[PDB]
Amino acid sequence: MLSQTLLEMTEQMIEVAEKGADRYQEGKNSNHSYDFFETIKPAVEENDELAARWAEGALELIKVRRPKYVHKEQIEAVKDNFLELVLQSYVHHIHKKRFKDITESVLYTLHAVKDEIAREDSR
């Protein structure tokens, strides 16, 4: 792989998360029934694939050279929170505070990985 791929995947997840946050808020304000098999399920499946490939790349990144601000446990925690964030953006059952907490957690780790990449890619 190239750090370039990881970076793109990182930015893709950030966008999924930010667009997800807006979808969540819009759903709480004025609910809309999203289709399960045609929209929700495929969104989770696609993002599940994205998250897995990202994690493997992120983990590779930290093994080759010990990064300054990102560690394994942090990378591993993204998956479950990210997937919950995706599902809830459509069904929005969880409360505002909880949605914010997982979104904040996911975004920070994503930004951290992004920072490490840029820092090490610039030598």
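Position 1 is the first residue in the sequence shown; the rest follow in order.
Checked against the record, the higher mean CA B factor of 71-79 and 38-46 lies with 71-79. Relative to one another, 25-33 and 48-56 have unequal mean CA B-factors, and 25-33 is the one with the higher figure. Sort the modelled residues of the chain by CA B factor and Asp115 lands in the highest third. For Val64, the recorded CA B-factor ranks within the highest third of the chain. Only modelled residues enter the ranking.
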